[PDB]
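Peer 1: The following block contains the structure, expressed as structure tokens.
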Amino acid sequence: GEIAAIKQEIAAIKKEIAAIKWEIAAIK
Amino acid sequence: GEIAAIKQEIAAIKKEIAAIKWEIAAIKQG
Amino acid sequence: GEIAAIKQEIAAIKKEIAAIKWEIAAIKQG
Amino acid sequence: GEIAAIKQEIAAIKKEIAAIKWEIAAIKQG
Ligand code: NA
Ligand code: NA
Ligand code: NA
Ligand code: NA
Ligand code: NA
Ligand code: NA
Ligand code: NA
Ligand code: NA
Ligand code: NA
Ligand code: NA
Ligand code: NA
Ligand code: NA
């Protein structure tokens with residue numbers, strides 16, 4: 001359960017990073 | 001613990017992401 | 001100005017959450 | 001196994017985050 005939780009939290013971060021890259025593209 | 005260490009590393013990363021999103025918001029307002 | 005404001009509100013909130021997660025992680029090492 | 005994989009996934013993320021700060025720096029001078 002502890003590892004499962006961590007892998008889901010890491011997965012979430014990748015989506016936040018992806019979004020930021022698109023938002024920078026918009027604003028460059 | 002290896003797990004304790006990891007939770008602190010995740011926390012740190014989220015702080016760095018938060019900071020970037022502030023900088024972007026600021027830039028968009030001009 | 002509208003989305004600009006709301007994106008700043010969101011950014012501020014994520015900074016607060018990051019800070020809290022760090023303190024929870026640390027509290028566990030205590 | 002599990003931990004090795006997580007630590008490498010975390011390391012990778014910090015690399016992507018670092019790269020983004022290089023772009024922000026550029027934009028805040030432009
Ligand atoms: Na966990
Ligand atoms: Na967890
Ligand atoms: Na994001
Ligand atoms: Na630019
Ligand atoms: Na986050
Ligand atoms: Na940062
Ligand atoms: Na933002
Ligand atoms: Na969010
Ligand atoms: Na806080
Ligand atoms: Na804190
Ligand atoms: Na990764
Ligand atoms: Na990147």
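Chains as they are written, first to last, in the authors' numbering: chain A, 1 to 28; chain B, 1 to 30; chain D, 1 to 30; chain C, 1 to 30.
C-beta: ideal position from N, C-alpha, C; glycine also.
#1: For ligand 6, which residues count as neighbours when the test is a C-beta closer than 7 Å to any heavy atom?
#2: Could you tell me whether any Cβ in chain C is nearer than 8 Å to the Cβ of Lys-7 of chain A?
#3: Within 8 Å (strictly less), CB to CB, does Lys-15 of chain B reach chain A?
#4: Do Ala-4 of chain D and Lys-28 of chain B have their C-beta atoms closer together than 8 Å?
#5: Compute the minimum distance between the beta carbon of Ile-6 of chain D and the heavy atoms of ligand 8, and state whether it is under 7 Å.
#6: Can you tell me whether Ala-19 of chain D is buried or exposed? The criterion is at least 16 other CB atoms within 10 Å of its CB, across all chains shown.
#7: With a threshold of 16 other CB atoms inside 10 Å of the CB of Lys-14 of chain B, please say whether the residue is buried or exposed.
Peer 2: Short version:
#1: Any heavy atom of ligand 6 counts here; residues with a Cβ closer than 7 Å to one of them, in chain order, are B:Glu-16, B:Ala-19, B:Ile-20, C:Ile-17 and C:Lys-21.
#2: Yes, its Cβ sits closer than 8 Å to a Cβ of chain C.
#3: For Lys-15 of chain B, no Cβ of chain A is located within less than 8 Å of the residue's own Cβ.
#4: Yes, they are a contact pair.
#5: Every heavy atom of ligand 8 is 7 Å or more from the Cβ of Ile-6 of chain D, so no.
#6: Under this definition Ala-19 of chain D is an exposed residue.
#7: If you draw a 10 Å sphere on the C-beta of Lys-14 of chain B, you find 16 or more other C-beta atoms in it, and that means buried.
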